[PDB]
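The file work.pdb contains PDB, N, CA, C and O atoms:
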```
ATOM      1  N   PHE A   1      48.918-150.073 -45.368  1.00  0.00           N
ATOM      2  CA  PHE A   1      49.797-149.676 -46.453  1.00  0.00           C
ATOM      3  C   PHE A   1      48.923-149.183 -47.601  1.00  0.00           C
ATOM      4  O   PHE A   1      47.782-149.646 -47.682  1.00  0.00           O
ATOM      5  N   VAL A   2      49.435-148.279 -48.440  1.00  0.00           N
ATOM      6  CA  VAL A   2      48.742-147.708 -49.600  1.00  0.00           C
ATOM      7  C   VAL A   2      49.721-147.833 -50.759  1.00  0.00           C
ATOM      8  O   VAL A   2      50.843-147.325 -50.705  1.00  0.00           O
ATOM      9  N   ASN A   3      49.394-148.511 -51.833  1.00  0.00           N
ATOM     10  CA  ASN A   3      50.286-148.669 -52.967  1.00  0.00           C
ATOM     11  C   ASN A   3      50.150-147.455 -53.839  1.00  0.00           C
ATOM     12  O   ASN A   3      49.042-147.173 -54.283  1.00  0.00           O
ATOM     13  N   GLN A   4      51.190-146.669 -54.062  1.00  0.00           N
ATOM     14  CA  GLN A   4      51.092-145.500 -54.906  1.00  0.00           C
ATOM     15  C   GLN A   4      51.550-145.814 -56.323  1.00  0.00           C
ATOM     16  O   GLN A   4      51.624-144.921 -57.163  1.00  0.00           O
ATOM     17  N   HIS A   5      51.922-147.057 -56.651  1.00  0.00           N
ATOM     18  CA  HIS A   5      52.232-147.386 -58.023  1.00  0.00           C
ATOM     19  C   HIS A   5      50.953-147.567 -58.804  1.00  0.00           C
ATOM     20  O   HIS A   5      49.958-148.001 -58.262  1.00  0.00           O
ATOM     21  N   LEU A   6      50.969-147.236 -60.078  1.00  0.00           N
ATOM     22  CA  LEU A   6      49.818-147.370 -60.926  1.00  0.00           C
ATOM     23  C   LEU A   6      50.212-148.245 -62.094  1.00  0.00           C
ATOM     24  O   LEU A   6      50.911-147.839 -63.008  1.00  0.00           O
ATOM     25  N   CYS A   7      49.783-149.495 -62.057  1.00  0.00           N
ATOM     26  CA  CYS A   7      50.127-150.502 -63.048  1.00  0.00           C
ATOM     27  C   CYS A   7      48.896-151.192 -63.609  1.00  0.00           C
ATOM     28  O   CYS A   7      47.840-151.263 -62.938  1.00  0.00           O
ATOM     29  N   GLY A   8      49.048-151.680 -64.833  1.00  0.00           N
ATOM     30  CA  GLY A   8      48.042-152.467 -65.527  1.00  0.00           C
ATOM     31  C   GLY A   8      46.705-151.776 -65.611  1.00  0.00           C
ATOM     32  O   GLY A   8      46.627-150.598 -65.943  1.00  0.00           O
ATOM     33  N   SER A   9      45.638-152.501 -65.262  1.00  0.00           N
ATOM     34  CA  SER A   9      44.285-151.966 -65.323  1.00  0.00           C
ATOM     35  C   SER A   9      44.153-150.752 -64.389  1.00  0.00           C
ATOM     36  O   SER A   9      43.365-149.841 -64.625  1.00  0.00           O
ATOM     37  N   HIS A  10      44.866-150.705 -63.259  1.00  0.00           N
ATOM     38  CA  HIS A  10      44.838-149.552 -62.373  1.00  0.00           C
ATOM     39  C   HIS A  10      45.415-148.303 -63.007  1.00  0.00           C
ATOM     40  O   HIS A  10      44.918-147.231 -62.674  1.00  0.00           O
ATOM     41  N   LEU A  11      46.427-148.421 -63.857  1.00  0.00           N
ATOM     42  CA  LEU A  11      46.967-147.272 -64.590  1.00  0.00           C
ATOM     43  C   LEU A  11      45.909-146.780 -65.552  1.00  0.00           C
ATOM     44  O   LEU A  11      45.687-145.572 -65.658  1.00  0.00           O
ATOM     45  N   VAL A  12      45.233-147.706 -66.248  1.00  0.00           N
ATOM     46  CA  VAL A  12      44.229-147.362 -67.259  1.00  0.00           C
ATOM     47  C   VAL A  12      43.090-146.642 -66.559  1.00  0.00           C
ATOM     48  O   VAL A  12      42.597-145.619 -67.028  1.00  0.00           O
ATOM     49  N   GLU A  13      42.699-147.126 -65.382  1.00  0.00           N
ATOM     50  CA  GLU A  13      41.644-146.501 -64.606  1.00  0.00           C
ATOM     51  C   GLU A  13      42.036-145.092 -64.151  1.00  0.00           C
ATOM     52  O   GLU A  13      41.221-144.172 -64.219  1.00  0.00           O
ATOM     53  N   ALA A  14      43.284-144.893 -63.718  1.00  0.00           N
ATOM     54  CA  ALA A  14      43.760-143.606 -63.260  1.00  0.00           C
ATOM     55  C   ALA A  14      43.801-142.651 -64.449  1.00  0.00           C
ATOM     56  O   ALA A  14      43.340-141.504 -64.320  1.00  0.00           O
ATOM     57  N   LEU A  15      44.217-143.074 -65.635  1.00  0.00           N
ATOM     58  CA  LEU A  15      44.184-142.213 -66.816  1.00  0.00           C
ATOM     59  C   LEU A  15      42.745-141.910 -67.223  1.00  0.00           C
ATOM     60  O   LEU A  15      42.453-140.799 -67.679  1.00  0.00           O
ATOM     61  N   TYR A  16      41.802-142.842 -67.016  1.00  0.00           N
ATOM     62  CA  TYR A  16      40.429-142.581 -67.390  1.00  0.00           C
ATOM     63  C   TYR A  16      39.898-141.506 -66.452  1.00  0.00           C
ATOM     64  O   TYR A  16      39.213-140.608 -66.929  1.00  0.00           O
ATOM     65  N   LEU A  17      40.258-141.510 -65.159  1.00  0.00           N
ATOM     66  CA  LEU A  17      39.809-140.527 -64.198  1.00  0.00           C
ATOM     67  C   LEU A  17      40.382-139.150 -64.479  1.00  0.00           C
ATOM     68  O   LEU A  17      39.671-138.146 -64.437  1.00  0.00           O
ATOM     69  N   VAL A  18      41.712-139.139 -64.648  1.00  0.00           N
ATOM     70  CA  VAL A  18      42.482-137.919 -64.755  1.00  0.00           C
ATOM     71  C   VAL A  18      42.278-137.214 -66.081  1.00  0.00           C
ATOM     72  O   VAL A  18      42.195-135.987 -66.161  1.00  0.00           O
ATOM     73  N   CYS A  19      42.218-137.998 -67.146  1.00  0.00           N
ATOM     74  CA  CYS A  19      42.101-137.466 -68.489  1.00  0.00           C
ATOM     75  C   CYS A  19      40.670-137.420 -69.000  1.00  0.00           C
ATOM     76  O   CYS A  19      40.374-136.683 -69.946  1.00  0.00           O
ATOM     77  N   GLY A  20      39.799-138.264 -68.459  1.00  0.00           N
ATOM     78  CA  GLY A  20      38.410-138.311 -68.900  1.00  0.00           C
ATOM     79  C   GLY A  20      37.696-137.010 -68.629  1.00  0.00           C
ATOM     80  O   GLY A  20      37.910-136.372 -67.598  1.00  0.00           O
ATOM     81  N   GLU A  21      36.860-136.554 -69.547  1.00  0.00           N
ATOM     82  CA  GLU A  21      36.167-135.304 -69.338  1.00  0.00           C
ATOM     83  C   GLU A  21      34.851-135.565 -68.637  1.00  0.00           C
ATOM     84  O   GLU A  21      33.939-136.201 -69.169  1.00  0.00           O
ATOM     85  N   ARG A  22      34.800-135.053 -67.414  1.00  0.00           N
ATOM     86  CA  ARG A  22      33.621-135.163 -66.580  1.00  0.00           C
ATOM     87  C   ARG A  22      33.804-134.106 -65.503  1.00  0.00           C
ATOM     88  O   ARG A  22      34.717-134.177 -64.652  1.00  0.00           O
ATOM     89  N   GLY A  23      32.848-133.175 -65.491  1.00  0.00           N
ATOM     90  CA  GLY A  23      32.755-132.168 -64.451  1.00  0.00           C
ATOM     91  C   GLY A  23      32.630-132.800 -63.074  1.00  0.00           C
ATOM     92  O   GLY A  23      33.132-132.231 -62.105  1.00  0.00           O
TER      93      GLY A  23
ATOM     94  N   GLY B   1      58.621-144.910 -70.482  1.00  0.00           N
ATOM     95  CA  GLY B   1      57.385-144.276 -70.862  1.00  0.00           C
ATOM     96  C   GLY B   1      56.539-144.298 -69.632  1.00  0.00           C
ATOM     97  O   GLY B   1      57.099-144.443 -68.538  1.00  0.00           O
ATOM     98  N   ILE B   2      55.215-144.247 -69.731  1.00  0.00           N
ATOM     99  CA  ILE B   2      54.364-144.183 -68.551  1.00  0.00           C
ATOM    100  C   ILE B   2      54.533-145.336 -67.564  1.00  0.00           C
ATOM    101  O   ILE B   2      54.472-145.141 -66.350  1.00  0.00           O
ATOM    102  N   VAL B   3      54.817-146.556 -68.029  1.00  0.00           N
ATOM    103  CA  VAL B   3      55.037-147.665 -67.122  1.00  0.00           C
ATOM    104  C   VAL B   3      56.283-147.371 -66.307  1.00  0.00           C
ATOM    105  O   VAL B   3      56.203-147.488 -65.089  1.00  0.00           O
ATOM    106  N   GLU B   4      57.389-146.891 -66.853  1.00  0.00           N
ATOM    107  CA  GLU B   4      58.562-146.632 -66.028  1.00  0.00           C
ATOM    108  C   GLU B   4      58.282-145.545 -64.990  1.00  0.00           C
ATOM    109  O   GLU B   4      58.640-145.669 -63.829  1.00  0.00           O
ATOM    110  N   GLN B   5      57.550-144.515 -65.394  1.00  0.00           N
ATOM    111  CA  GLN B   5      57.351-143.348 -64.569  1.00  0.00           C
ATOM    112  C   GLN B   5      56.278-143.516 -63.504  1.00  0.00           C
ATOM    113  O   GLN B   5      56.422-142.985 -62.388  1.00  0.00           O
ATOM    114  N   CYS B   6      55.199-144.252 -63.819  1.00  0.00           N
ATOM    115  CA  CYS B   6      54.087-144.368 -62.910  1.00  0.00           C
ATOM    116  C   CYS B   6      53.871-145.739 -62.325  1.00  0.00           C
ATOM    117  O   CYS B   6      53.229-145.845 -61.286  1.00  0.00           O
ATOM    118  N   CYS B   7      54.400-146.791 -62.960  1.00  0.00           N
ATOM    119  CA  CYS B   7      54.238-148.125 -62.428  1.00  0.00           C
ATOM    120  C   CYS B   7      55.514-148.573 -61.721  1.00  0.00           C
ATOM    121  O   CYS B   7      55.452-148.922 -60.549  1.00  0.00           O
ATOM    122  N   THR B   8      56.655-148.590 -62.387  1.00  0.00           N
ATOM    123  CA  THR B   8      57.910-148.962 -61.767  1.00  0.00           C
ATOM    124  C   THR B   8      58.231-147.931 -60.679  1.00  0.00           C
ATOM    125  O   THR B   8      58.497-148.287 -59.540  1.00  0.00           O
ATOM    126  N   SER B   9      58.155-146.643 -60.979  1.00  0.00           N
ATOM    127  CA  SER B   9      58.347-145.602 -59.989  1.00  0.00           C
ATOM    128  C   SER B   9      56.987-145.001 -59.675  1.00  0.00           C
ATOM    129  O   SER B   9      55.968-145.409 -60.240  1.00  0.00           O
ATOM    130  N   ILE B  10      56.918-144.134 -58.685  1.00  0.00           N
ATOM    131  CA  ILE B  10      55.677-143.415 -58.363  1.00  0.00           C
ATOM    132  C   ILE B  10      55.765-142.092 -59.104  1.00  0.00           C
ATOM    133  O   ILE B  10      56.833-141.461 -59.105  1.00  0.00           O
ATOM    134  N   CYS B  11      54.679-141.690 -59.742  1.00  0.00           N
ATOM    135  CA  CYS B  11      54.592-140.397 -60.402  1.00  0.00           C
ATOM    136  C   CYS B  11      53.521-139.515 -59.751  1.00  0.00           C
ATOM    137  O   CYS B  11      52.601-139.983 -59.071  1.00  0.00           O
ATOM    138  N   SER B  12      53.625-138.187 -59.917  1.00  0.00           N
ATOM    139  CA  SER B  12      52.685-137.210 -59.360  1.00  0.00           C
ATOM    140  C   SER B  12      51.452-137.085 -60.237  1.00  0.00           C
ATOM    141  O   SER B  12      51.409-137.610 -61.358  1.00  0.00           O
ATOM    142  N   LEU B  13      50.421-136.388 -59.759  1.00  0.00           N
ATOM    143  CA  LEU B  13      49.221-136.149 -60.558  1.00  0.00           C
ATOM    144  C   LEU B  13      49.595-135.379 -61.827  1.00  0.00           C
ATOM    145  O   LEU B  13      49.117-135.708 -62.912  1.00  0.00           O
ATOM    146  N   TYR B  14      50.490-134.370 -61.778  1.00  0.00           N
ATOM    147  CA  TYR B  14      50.763-133.563 -62.957  1.00  0.00           C
ATOM    148  C   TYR B  14      51.570-134.389 -63.971  1.00  0.00           C
ATOM    149  O   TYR B  14      51.502-134.150 -65.177  1.00  0.00           O
ATOM    150  N   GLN B  15      52.414-135.323 -63.514  1.00  0.00           N
ATOM    151  CA  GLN B  15      53.128-136.190 -64.448  1.00  0.00           C
ATOM    152  C   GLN B  15      52.154-137.078 -65.211  1.00  0.00           C
ATOM    153  O   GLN B  15      52.223-137.158 -66.436  1.00  0.00           O
ATOM    154  N   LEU B  16      51.200-137.700 -64.532  1.00  0.00           N
ATOM    155  CA  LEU B  16      50.205-138.533 -65.170  1.00  0.00           C
ATOM    156  C   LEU B  16      49.395-137.700 -66.151  1.00  0.00           C
ATOM    157  O   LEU B  16      49.118-138.161 -67.251  1.00  0.00           O
ATOM    158  N   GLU B  17      49.040-136.442 -65.764  1.00  0.00           N
ATOM    159  CA  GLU B  17      48.246-135.538 -66.605  1.00  0.00           C
ATOM    160  C   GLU B  17      48.930-135.205 -67.914  1.00  0.00           C
ATOM    161  O   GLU B  17      48.315-134.905 -68.948  1.00  0.00           O
ATOM    162  N   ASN B  18      50.250-135.256 -67.933  1.00  0.00           N
ATOM    163  CA  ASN B  18      50.924-134.939 -69.156  1.00  0.00           C
ATOM    164  C   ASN B  18      50.781-136.034 -70.167  1.00  0.00           C
ATOM    165  O   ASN B  18      50.883-135.769 -71.363  1.00  0.00           O
ATOM    166  N   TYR B  19      50.458-137.255 -69.719  1.00  0.00           N
ATOM    167  CA  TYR B  19      50.214-138.363 -70.611  1.00  0.00           C
ATOM    168  C   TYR B  19      48.849-138.277 -71.247  1.00  0.00           C
ATOM    169  O   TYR B  19      48.600-139.114 -72.122  1.00  0.00           O
ATOM    170  N   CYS B  20      47.982-137.313 -70.896  1.00  0.00           N
ATOM    171  CA  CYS B  20      46.660-137.259 -71.481  1.00  0.00           C
ATOM    172  C   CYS B  20      46.769-136.665 -72.895  1.00  0.00           C
ATOM    173  O   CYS B  20      47.479-135.655 -73.158  1.00  0.00           O
ATOM    174  N   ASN B  21      46.023-137.376 -73.744  1.00  0.00           N
ATOM    175  CA  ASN B  21      45.919-137.150 -75.173  1.00  0.00           C
ATOM    176  C   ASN B  21      44.437-137.111 -75.512  1.00  0.00           C
ATOM    177  O   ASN B  21      43.625-137.622 -74.735  1.00  0.00           O
TER     178      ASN B  21
END
```
What do you get writing this file as structure tokens?
Amino acid sequence: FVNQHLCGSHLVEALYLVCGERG
Amino acid sequence: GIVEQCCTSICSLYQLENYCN
């Protein structure tokens, strides 16, 4: 199974990846 | 807000991207 919900620290991590500026 | 859209429900990459500030 793969959880596609993004909650708590995992949401923060996904926003850091997606929004963070890094080539 | 983002918890309803991405945590309670599943959201797409472009939906999450719109939350970037």
Discussion item. The ChimeraX specification (/B :<5) & /A - which residues does that actually catch in the file I just gave you? List them as an MDAnalysis selection string.
Written reply: chainID A and resid 4:7
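Interatomic distance, atom C of residue 19 in chain A against CA of residue 3 in chain A: 21.8 Å.
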Q.
If you run DSSP on the backbone here, which positions in chain B get alpha helix (DSSP H)? Please write them as a PyMOL selection string.
A. chain B and resi 2+13-18
Just the selected residues (N, CA, C and O atoms), exported as a compact mmCIF listing (two decimals), keeping the file's coordinate frame, please.
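Saved to result.txt:
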```
# COMPACT_ATOMS: atom_id res chain seq x y z
N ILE B 2 55.22 -144.25 -69.73
CA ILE B 2 54.36 -144.18 -68.55
C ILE B 2 54.53 -145.34 -67.56
O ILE B 2 54.47 -145.14 -66.35
N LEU B 13 50.42 -136.39 -59.76
CA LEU B 13 49.22 -136.15 -60.56
C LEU B 13 49.60 -135.38 -61.83
O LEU B 13 49.12 -135.71 -62.91
N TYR B 14 50.49 -134.37 -61.78
CA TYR B 14 50.76 -133.56 -62.96
C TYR B 14 51.57 -134.39 -63.97
O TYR B 14 51.50 -134.15 -65.18
N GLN B 15 52.41 -135.32 -63.51
CA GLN B 15 53.13 -136.19 -64.45
C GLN B 15 52.15 -137.08 -65.21
O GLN B 15 52.22 -137.16 -66.44
N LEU B 16 51.20 -137.70 -64.53
CA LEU B 16 50.20 -138.53 -65.17
C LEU B 16 49.40 -137.70 -66.15
O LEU B 16 49.12 -138.16 -67.25
N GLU B 17 49.04 -136.44 -65.76
CA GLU B 17 48.25 -135.54 -66.60
C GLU B 17 48.93 -135.21 -67.91
O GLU B 17 48.32 -134.90 -68.95
N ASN B 18 50.25 -135.26 -67.93
CA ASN B 18 50.92 -134.94 -69.16
C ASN B 18 50.78 -136.03 -70.17
O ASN B 18 50.88 -135.77 -71.36
```
